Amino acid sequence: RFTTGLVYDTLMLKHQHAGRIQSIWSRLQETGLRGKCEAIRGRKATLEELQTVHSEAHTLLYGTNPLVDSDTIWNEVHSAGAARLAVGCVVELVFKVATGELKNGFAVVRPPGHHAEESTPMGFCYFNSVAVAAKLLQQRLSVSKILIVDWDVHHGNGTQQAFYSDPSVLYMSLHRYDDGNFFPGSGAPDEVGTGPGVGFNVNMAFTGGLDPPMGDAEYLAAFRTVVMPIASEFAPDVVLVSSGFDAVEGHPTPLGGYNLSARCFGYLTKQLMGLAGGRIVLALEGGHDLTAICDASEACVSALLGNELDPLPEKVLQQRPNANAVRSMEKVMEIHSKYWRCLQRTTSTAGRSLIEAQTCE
């Protein structure tokens, strides 16, 4: 059926008392959303597929079985094996959407991938699943234009690295930055790409700390002023999302700190669905509060299926973005007005609420 796809595999589970992916899968079952989707069969990525992004030595070290107590080193060996499986699960879903076998999809996968660099694992990431999917779309299907949006609260340093000189992949990261003082320390607004890729790396970097925390109004405004204008101009053929949910309320000060609602991610998904004819796949990255990530996963899948979304509260729709967010947005727009026509014509309305922007448009 031409509908929303899912990928999940119990071989990614730590114990071989529900973790993140098992809790997300259960929510999708209980809500009936799983029943409306096509769950596909995953597989291991090949060593060759992993090597579109990573070095041979890196792939051989972490991608090969050496031949489980979760408190022993063999937990990490298993996590690296789980990563190899996660990459193949994401690749399979991405290809089924990109070929039109399925409409769109959500990959319920772990570990996350977006921090893993060419020959360096880090931040719980061994292999960059989303980047590998994107490399294979280019190499195997000659996809002309790919948008990667990364809305995990931490900068996707691996994904930025993988495509930094490539103008055929637009990488857009929304993340807490605070002038270099938040993990992993990369993703300054000034980082715009290199070579022919100049202008095709967009760091929507929030600065100013938690005075106050960023919330729905701030992210909605960032989508309005930076993400959607730039993404629309680019006009991608396929959209991939590194969908971390650690920006949702309930994630404390270093491993989070923002107070987005799960409902807001549904709306952010629906916005991205207006691009690439609806050819969009989300892949789980970070987030750890089980209620928050299950709520968020539910909102996103519901949106992908075309279900009517729970309205955002009137308060959120009427809220002007906080001063630090406005400053952050305006710095990014200023930098990227050099490369994008949608940022050259105008004056900033980043300080308007959604309703005000709508009224005044």
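The numbering used is simple: start at 1 and walk along the sequence shown.
- The modelled chain is continuous from residue 10 to residue 11, since every residue of the deposited sequence in that stretch has coordinates.
- Comparing the deposited coordinates for 190-198 and 226-234, the stretch with the larger average C-alpha B-factor is 190-198.
- For the pair 57-65 and 319-327, the mean B factor over Cα atoms is greater in 57-65.
- Residue 103 sits in the middle third of its chain by CA B factor, as recorded in the PDB entry.
- For residue 277, the recorded CA B-factor ranks within the middle third of the chain. Only modelled residues enter the ranking.
- Remark: residue 167 belongs to the highest third of its chain, ranked by C-alpha B-factor as recorded.
- Per the deposited record, the Cα B-factor of residue 139 falls in the highest third when ranked against the other modelled residues of its chain.
- Sort the modelled residues of the chain by CA B factor and residue 92 lands in the middle third.
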